[PDB]
Amino acid sequence: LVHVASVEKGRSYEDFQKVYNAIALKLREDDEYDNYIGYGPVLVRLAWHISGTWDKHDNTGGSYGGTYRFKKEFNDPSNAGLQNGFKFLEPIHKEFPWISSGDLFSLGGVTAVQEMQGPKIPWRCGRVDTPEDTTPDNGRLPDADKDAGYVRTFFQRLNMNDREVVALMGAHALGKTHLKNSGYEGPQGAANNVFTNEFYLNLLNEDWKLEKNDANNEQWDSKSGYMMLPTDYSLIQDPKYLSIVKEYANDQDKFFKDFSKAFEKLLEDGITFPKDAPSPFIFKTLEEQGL
Ligand code: HEM
């Protein structure tokens with residue numbers, strides 16, 4: 001399988017910046033969502049879920065085809081709750097119907113991060129919508145009641161090493177779990193929607209307690225009212241993971257750089273970029289545009 005990146009016919013940077021601006025502006029305006037968390041987190045999660053279905057073995061899945069748009073994918077239990085981000089993007093797509101889905105879902109995650117004050121993530125256009133049959137089967141996304149071994153092994157399928165895994169996980173500082181979606185609940189609330197290295201600090205700083213929740217699942221709850229998934233917690237049980245966690249807890253800049261690189265990578269997995277392809281774009285935030 002070869003997925004070659006094909007620039008939307010006749011569009012340039014400026015055309016892309018506009019879609020970005022539209023998402024951003026809508027993010028600003030719809031701030032009531034999930035009790036004032038906003039849609040940032042869910043968009044980030046959505047961009048990670050359309051991309052984490054990738055299989056470096058056979059090159060199937062990944063962000064390329066925008067297959068989330070189909071029933072199979074769309075109704076994937078691990079995707080429970082992502083429909084809200086989809087609905088959020090829907091009108092934007094309507095406004096800019098020439099953008100591919102894969103491009104849209106992915107751009108939302110980028111805009112979200114940048115608008116939530118995270119680092120700039122270079123982004124590449126060119127994803128192409130594939131047919132319904134290219135939709136990966138369910139079961140490709142990671143479970144949360146596991147440990148480091150599982151995690152390590154899991155991410156390998158996506159070509160991510162240890163530093164990449166830890167950098168990517170710091171996105172867990174955003175939003176929250178919802179009992180109805182995944183069977184986990186918390187923070188005890190409420191929540192975060194600024195991008196920072198907070199995830200690491202919490203993990204190292206709190207006094208976590210293992211407890212079962214209303215869905216009959218275990219989770220690590222802290223006195224401060226926070227929570228961590230077992231898989232989250234696992235980054236401190238593993239010696240290799242732990243030193244990286246510590247590193248990020250100490251240097252937000254380090255964390256931002258690595259996150260940036262890993263995120264782009266995650267979103268570009270499985271795609272082939274012709275030589276003639278335009279470089280990746282770095283979009284300006286609203287604020288940088290004075291909007
Ligand atoms: C071991 C790997 C992972 C597991 C098992 C995990 C699983 C989870 C779970 C169970 C949810 C909460 C869903 C809900 O109830 O709405 C969550 C939330 C979230 N995921 Fe992850 N995830 C992992 C990795 C990722 C990564 C790498 C990213 C992106 C960089 C990420 C981004 C987020 C965001 C931002 C939220 C909060 C969403 C919201 O507030 O609705 N997660 N993840």
Side-chain angles (χ1 to χ4, degrees), residues 33-35 37-54 63 76-86 88 105-106 108-110 112-113 115-116 118-119 121 139-160 162-187 189-196 198-199 213-215 217-220 226-235 237-238 241 248 255-256 258-267 269:
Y33 180 82
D34 211 3
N35 79 247
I37 289 161
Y39 282 94
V42 75
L43 288 203
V44 166
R45 196 193 194 220
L46 173 79
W48 125 252
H49 272 214
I50 52 115
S51 299
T53 47
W54 194 58
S63 67
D76 180 0
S78 321
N79 283 337
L82 289 198
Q83 41 282 108
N84 289 330
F86 179 74
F88 174 103
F105 296 150
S106 80
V110 172
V113 169
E115 284 305 300
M116 275 184 302
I121 310 280
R140 291 200 190 196
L141 304 146
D143 288 348
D145 53 346
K146 258 82 206 197
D147 53 12
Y150 171 92
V151 171
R152 189 164 270 107
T153 279
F154 177 88
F155 274 106
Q156 242 328 277
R157 191 191 83 222
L158 304 171
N159 259 299
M160 292 298 174
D162 291 353
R163 130 176 339 240
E164 300 168 330
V165 166
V166 175
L168 288 178
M169 216 77 69
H172 270 186
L174 312 163
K176 75 185 293 277
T177 69
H178 311 74
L179 214 87
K180 296 252 149 137
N181 293 343
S182 60
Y184 296 86
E185 187 46 54
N192 226 280
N193 58 8
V194 192
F195 213 85
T196 71
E198 190 186 334
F199 167 90
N213 64 34
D214 300 304
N217 297 309
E218 321 238 338
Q219 52 182 83
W220 294 96
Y226 308 121
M227 78 70 96
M228 286 288 169
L229 306 159
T231 54
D232 288 319
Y233 199 62
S234 94
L235 311 182
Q237 312 183 288
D238 185 288
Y241 277 159
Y248 288 157
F255 168 54
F256 274 20
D258 295 358
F259 181 87
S260 184
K261 278 160 2 198
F263 200 57
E264 183 172 12
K265 163 157 175 189
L266 171 76
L267 303 180
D269 272 343

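Counting convention: from 1, in listed order, for ligands and their atoms alike. The first residue in the sequence is number 1, and the count goes up from there. The analysis underlying the following values was restricted to heavy atoms, covering all of them including side chains, and did not include hydrogens, waters or symmetry mates.
By the side chain to side chain contact (heavy atoms under 4.5 Å, CB included) test, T196 is found to be paired with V194, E198, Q252, residues two or more places apart in sequence or in another chain being considered. Qualifying side chain to side chain donor-acceptor pair (under 3.5 Å) partners for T177, counting only residues two or more places apart in sequence or in other chains: none. Evaluation of the ring pair (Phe, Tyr, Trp, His ring centres under 6.0 Å) rule for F195 yields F256, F259 as partners, not counting sequence neighbours.
In this structure, the separation between CG on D232 and CE on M169 is 6.5 Å, given to the nearest 0.5 Å.
In this structure, atom 37 (C) of ligand 1 lies nearest to the protein heavy atom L174 O, 3.6 Å. In terms of protein heavy-atom proximity, atom 41 (O) of ligand 1 is closest to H178 CE1, 3.3 Å. Regarding atom 10 (C) of ligand 1, its nearest protein heavy-atom neighbour is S182 CB, 3.8 Å. Looking from atom 39 (C) of ligand 1 to the surrounding protein, the closest heavy atom is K176 O, 3.4 Å. When only non-hydrogen protein atoms are considered, atom 5 (C) of ligand 1 lies nearest to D143 O, 3.3 Å.
Closest approach of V151 to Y241, counting heavy atoms only: CG1-OH, 3.7 Å. The minimum heavy-atom distance linking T231 with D143 is given by the pair CG2-O, 3.6 Å. The nearest pair of heavy atoms linking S106 to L267 is O-CD1, 4.2 Å. Minimum interatomic distance between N35 and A190 (heavy atoms only, all atoms of both residues): ND2-CB, 4.3 Å. Here the shortest heavy-atom pairing between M228 and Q219 reads O-CB, 3.9 Å.
Ligand 1 has no N or O atom lying under 3.5 Å from any N or O atom of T231, backbone or side chain. Between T177 and ligand 1, not a single N/O pair is under 3.5 Å apart.
Judged by distance alone, the side chain of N213 and the main-chain N or O of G183 form a donor-acceptor pair under 3.5 Å.
At a cut-off of 3.5 Å, with distance as the only test, a side-chain donor of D34 or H178 sits close to an acceptor on the other residue.
Interface of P41 with ligand 1, defined as ligand atoms under 4.0 Å from a residue heavy atom, comprises 35 (C), 40 (O). Ligand 1 places these atoms under 4.0 Å from at least one heavy atom of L168: 27 (C), 30 (C). Set against the non-hydrogen atoms of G175, the atoms of ligand 1 under 4.0 Å away are 40 (O). Applying the 4.0 Å criterion to heavy atoms of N181 picks out, from ligand 1, the atoms 14 (C), 15 (O), 16 (O). Interface of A144 with ligand 1, defined as ligand atoms under 4.0 Å from a residue heavy atom, comprises 5 (C). The ligand atoms of ligand 1 that sit less than 4.0 angstrom from a heavy atom of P142 are 2 (C), 5 (C).
A parallel orientation is assigned to the rings of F155 and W48, their planes being inclined by less than 30° (bins at 30° and 60°). Between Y33 and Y39, the ring planes lie parallel to each other; the angle is under 30°, not in the 30° to 60° tilted range.
Every heavy atom of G81 sits 4.0 Å or more from the atoms of ligand 1.
Excluding waters, the protein N/O/S atoms found under 2.8 Å from atom 21 (Fe) of ligand 1 are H172 NE2.
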